[PDB]
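In structure tokens, one chain follows: the form deposited in one PDB entry.
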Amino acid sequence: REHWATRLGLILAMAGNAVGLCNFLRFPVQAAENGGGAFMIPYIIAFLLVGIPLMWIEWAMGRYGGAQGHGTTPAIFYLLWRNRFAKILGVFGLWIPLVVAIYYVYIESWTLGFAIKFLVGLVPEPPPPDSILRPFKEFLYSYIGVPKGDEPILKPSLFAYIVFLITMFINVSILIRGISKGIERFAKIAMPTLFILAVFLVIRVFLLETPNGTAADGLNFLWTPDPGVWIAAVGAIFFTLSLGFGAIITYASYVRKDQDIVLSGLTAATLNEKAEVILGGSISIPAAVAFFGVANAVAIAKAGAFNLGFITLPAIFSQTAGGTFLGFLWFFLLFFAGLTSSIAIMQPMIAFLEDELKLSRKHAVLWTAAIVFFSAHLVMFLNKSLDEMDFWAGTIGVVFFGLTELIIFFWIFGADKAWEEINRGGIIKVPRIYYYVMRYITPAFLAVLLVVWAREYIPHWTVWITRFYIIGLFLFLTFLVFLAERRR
């Protein structure tokens, strides 16, 4: 079995797993949507009660299954629960990361295409708010092909489609080289490049000042202290830490049987929170508060993540010295943040085809890329198909799967056996208070917030096109698990 080469590469790959498009596009919107500092109190509590303990649990289940040559949840769930229903529930560990990748890599291709056009300077040129925002709103709308009539049909540009082929190629070139020579070798290069670009953008944004305000006013808003906020904070913690995607589990399956996971997992989770709360929150919102004030920035944040990251922020930079190049640094930061994460949610399908169907790494990567590339045409051409996948897999699915794997590992497999499996080989030991959080508090926290979510919030016909296709993806993945059974 493939293994991580160095301790540093494991941390950076796991950090690159978590540090992604959410740190810079999704977290600023959710924090500003829910009161800035008001959102942080549930966000911090969710990180301590859900994010941290589920980090250690997924590290344990991955290393446990990896020791037996099984990197994905269809087999690992069966190793922790000798039931055929554990294999069925494990399919979500293949379905969730595959569905999320189907729209994630496409949005990642947006950042690459924008970074290219912003580097060559093929960007809209506004003259001396709507008069400068419209050239950038139309720039994104022409790139992805926003519908102009009633038909919910996206018409991507030839450039956007070609950049998506390039983006898939860059993902394949990294994945096909393996864990150590591919994912780990790229993490040692991409994470320092990511941190430097983010710190520079934070510094440059902190120098923004207009009559409407300063960047410090946005920092004061996001740090000054409703069930919907608690749902938003816990959901954000899942997505930003890559929990519930089966991605941490597959990566951890290449950690050696006796290596530390307690300190290593805690460091990667901490690195992500630093990148998100310190670096990510200090760019988008402060630059918007500087140019529009706090009240308008909360209004701009409610307009969406794509609006702030692809329209508003490049339009703000277009008013500063060298802002076109600053937009390139911004979009290149997003591309490396997405690239280190998209390879992480495609590796589970790779590891499954390798471990359970005995496919060569080359074959597993190419077929996984074929499935993602083909399925992504739904996200590229059907309007709001992206939103439907992000809801079922990236929103509902991850919280459902997070509670599922905890019950399997810490209840069905045994609370004492799981706790001993987590701390085994750890440089440090998990604080004994977290044993009771894992066994009682975390599943109670998830079950309560998940019931309010289902009972109070979940209740166009084209959404069935996406539901029909991703339900078929689950059936197809179930059939592959069945074929893996028949071989044994």
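Heads up: residue numbers just count along the shown sequence, starting at 1.
One more form of this protein exists, namely the form solved in complex with a small molecule; it is left out here, but the text below deals with it.
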### Task
Although the small molecule is absent from this view, report whether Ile132 comes within 4.5 Å of it in the deposited complex, heavy atoms only.
no
### Task
Determine whether any heavy atom of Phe306 comes within 4.5 Å of a heavy atom of the small molecule in the deposited complex, and answer yes or no.
yes
### Query
So in the deposited complex, does any heavy atom of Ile278 sit within 4.5 Å of the small molecule?
no
### Query
Using 4.5 Å between non-hydrogen atoms, is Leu266 touching the small molecule in the deposited complex?
no
### Task
Could you spot which one of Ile283, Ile174, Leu222, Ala315 gets a heavy atom to within 4.5 Å of the small molecule in the deposited complex?
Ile174
### Summary
None of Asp226, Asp387, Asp416, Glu125 but one has a heavy atom within 4.5 Å of the small molecule in the deposited complex; the exception is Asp387
